[PDB]
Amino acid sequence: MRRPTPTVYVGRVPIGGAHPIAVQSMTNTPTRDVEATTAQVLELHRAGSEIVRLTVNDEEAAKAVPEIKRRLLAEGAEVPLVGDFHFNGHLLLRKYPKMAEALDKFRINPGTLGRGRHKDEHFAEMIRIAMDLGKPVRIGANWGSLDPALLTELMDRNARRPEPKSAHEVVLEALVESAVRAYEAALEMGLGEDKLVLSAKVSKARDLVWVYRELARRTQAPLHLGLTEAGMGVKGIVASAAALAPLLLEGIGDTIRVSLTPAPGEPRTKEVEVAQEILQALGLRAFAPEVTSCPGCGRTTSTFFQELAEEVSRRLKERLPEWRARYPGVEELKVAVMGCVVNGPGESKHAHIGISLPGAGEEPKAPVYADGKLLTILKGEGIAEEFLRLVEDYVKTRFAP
């Protein structure tokens, strides 16, 4: 099902159809602030960001990049850095060759290159520097910054059609075209297929799916997939997952970024957690053990159910660093915590290990299943710690090296 693509190395991280779909993120600290940006790169990376982008917006930012990279490497943190360029990227890359070298990838936006005939020169200059340095590039179109000359061209094409499309549909055409024309232009200049990643982001889910199906058909490059400007909170989380899932299940997308707006005080790592959850929900990567639990209903006996499920989740999160080191494959662990006999045994038998609490009408005992069969039956006080000990025992056996 996965769309085949050439491999693009972003630092040490391969992306493309032969490789795991890579999680990425972007900092929100001022790049010029070396200490804050280094810290946040590390934080994002420790949370699971395999690649981290940072804006390189002006000269002070550019001058900070080599120091941020040096500091990362001093602690053995080989997380690749993507520089995000707009308006003056050709100038910054030209003037600050240590920044150009320090980055692991450049992002170009075909809509923020400049005006008129200057755009083609600026593009060429950035591509030249990438070629000279052996750096990969993302050609990243975004409908917030659509090339207006291209939009007019396409508006006029549309108006000649027997049945013109809507204005909105022509915007989506123009976004794809922007990415595809720039891709083809880079290839024609000699940038390798092993050095080009494409994106074409919109902020509405159904539109993203259309756009990426077109990109996937019209190009051979690995694709960086994300719902741009997804918003805050639950809205942003849902929209992101809803937009990505149809494409990922169809085999489209080689790296993802979740564009959440943090609430004030909310950590920048939340977008990384969401990204990881999307991929794991779809069975495309495994990052950590997961808990399957029912919603609970009027059959569930007390608030013990919600508390047990939460406690199991909390313990798995606590054990994971240790586990990941000792027990190869433990990220695939599936644990169930269920509220009653209706679906409790069955669901538990689908998990690696699961517990079925007794609900209404039932004897006060809680069967535990592992590998699809009854393991034991728990009762009394301390069901939670007995269950967690059984989960521990299970992990040691099943995921033993």
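For clarity, a rigid core is taken as the largest C-alpha set superposing within 1.5 Å between two forms. When you see a residue number, it is the position in the sequence shown, counting from 1.
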Core superposition done, the stretch whose Cα atoms deviate more in 7 other deposited structures of this protein, picking from 317-325 and 297-305, is 297-305
Comparing 163-171 with 131-139, where is the mean C-alpha B-factor higher? 163-171
Higher avg CA temperature factor (49-57 vs 359-367, as deposited) belongs to 359-367
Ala263, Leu282, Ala243, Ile256, ranked by C-alpha B-factor: the highest one: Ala263
From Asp207, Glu229, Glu177, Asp120, which pick has the Cα B-factor that tops the rest in the entry? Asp120
Compare the C-alpha B factor of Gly16 with those of the other modelled residues in its chain, then answer lowest, middle or highest third. lowest
State the tercile, meaning the lowest, middle or highest third, of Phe106 with respect to the CA B-factors recorded for its chain. lowest
Rank-wise, by C-alpha B-factor, drop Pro295 into the lowest, middle or highest third of its chain. lowest
Tertile call for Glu277 (CA temperature factor, within chain, third-based) is the lowest
C-alpha B factor of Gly144, ranked within the chain: lowest, middle or highest third? lowest
